[PDB]
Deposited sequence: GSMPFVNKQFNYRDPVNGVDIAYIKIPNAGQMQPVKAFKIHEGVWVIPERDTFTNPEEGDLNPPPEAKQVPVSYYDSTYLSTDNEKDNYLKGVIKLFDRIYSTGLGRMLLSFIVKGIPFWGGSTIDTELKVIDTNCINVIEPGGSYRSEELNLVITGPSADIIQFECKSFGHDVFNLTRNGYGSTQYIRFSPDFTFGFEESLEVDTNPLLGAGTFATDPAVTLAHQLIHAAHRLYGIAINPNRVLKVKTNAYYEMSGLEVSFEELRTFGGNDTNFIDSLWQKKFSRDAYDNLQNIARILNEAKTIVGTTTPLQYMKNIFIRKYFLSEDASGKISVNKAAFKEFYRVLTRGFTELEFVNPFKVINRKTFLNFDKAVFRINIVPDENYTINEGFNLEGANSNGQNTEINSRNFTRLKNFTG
């Protein structure tokens, strides 16, 4: 019942340079400042359509029908008015509160908040330094600017309104999402739409959809995401030779349950070994660090951030190391405790059972009013059932916009 977001935010609240500010994303060259809200330590929400993180995706034009995929939805006017942005902000906040009301969501969000990208940006071996792509540029009242570290940004979707994804900026030398370091994560997401599926009789709770992307973000903030070149190719058609479906190992892991079982035990051992090896490397770097630059935080306090992040051990002499048992639990939580299917019962929802059950339609929803959707029950306000997710019974809460069939 403790909320994740400890104060009320309205889109029209005046900027203050602290938790309501105009910001710019350093890797986005051509952007004008956008109003953003720091809803929790390290977590910002930008209630705008994402035209700025990627130069190529800088417009909201729907492609020609022949280039569209069936599972997509376009509306260039969505999220253009202040009333819409206020509703978007409140809906995203409500979902974080819903996630945080479960034991598992509390653990997921604590990992995310603790998951400071590693300070591995110095060329000098004994010196800790931030990596500049894990910051935003904050505009302050008075015309002054500052750089500020953060872990997670939620933005509105790009052109395709239902293409939810978790992305981050790259490094010239490191694969930050896979070398244990982590990097600031940017999630495209909308609380104003959800998908329908059949046992489109039932609507997905948008809290599950956000939790899914937050699991990708946690994997990527802890630098243990599976290489996107590890992929499973699926066919259910005896006739199409080439045509089929492709799903990454990272997606099989993140979804969980029986889908993860498509990943061989030998791959799991390898990923575990690799993540353990990368923690050992980070410990060596922390042990060899003697100076720190770009902050007034003392060196030991900065080391402690990562001792806590990676559940590292420290002995009497200050030597940092990886405890095998602590790593085992750390890795289990991140890869097996945090899955989409593990959230189904804590949320008390009905949900898709596998990636092979494709969404059938997209619906408009409005979760901000408590008579429609609550923190503790989502759509299922009336009782301990999934009638609230039934798009026929509870039809007033789900307006069908497009079928994918």
Missing CA stretches, deposited numbering from 1, N-terminus first: 1, 201 to 212, 419
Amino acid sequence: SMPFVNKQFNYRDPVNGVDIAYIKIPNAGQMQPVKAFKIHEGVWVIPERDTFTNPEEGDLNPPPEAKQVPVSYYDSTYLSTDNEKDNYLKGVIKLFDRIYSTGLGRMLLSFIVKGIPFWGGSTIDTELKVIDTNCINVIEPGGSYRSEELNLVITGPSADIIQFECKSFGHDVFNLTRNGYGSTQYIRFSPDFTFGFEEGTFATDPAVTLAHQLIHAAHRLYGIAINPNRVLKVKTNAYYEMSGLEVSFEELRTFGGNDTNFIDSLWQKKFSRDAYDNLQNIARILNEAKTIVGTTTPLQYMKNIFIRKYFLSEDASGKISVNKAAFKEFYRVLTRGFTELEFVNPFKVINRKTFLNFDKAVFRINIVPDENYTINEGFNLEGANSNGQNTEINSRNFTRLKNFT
From here on, numbers count along this sequence of modelled residues.
Looking only at CA atoms, which has the higher mean B factor in the entry: 236 to 244 or 255 to 263? 236 to 244
Name the higher of the two by mean Cα B-factor in the PDB entry, 219 to 227 versus 324 to 332. 324 to 332
In this PDB entry, which of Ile375, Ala66, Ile39, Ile367 has the top CA B-factor? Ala66
When the CA B-factors of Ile93, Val293, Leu286, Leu279 are compared as recorded in the entry, which is the largest? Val293
Assert third(CA B-factor, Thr391) within chain per record equals middle
Can you tell me which third, lowest, middle or highest, the CA B-factor of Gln30 falls into for its chain? highest
For the chain shown, is the CA B-factor of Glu250 in the lowest, middle or highest third of its modelled residues? lowest
Among the modelled residues of its chain, does the C-alpha B-factor of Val349 lie in the lowest, middle or highest third? middle
Taking the C-alpha B-factors as the PDB entry records them, is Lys114 in the lowest, middle or highest third of its chain? lowest
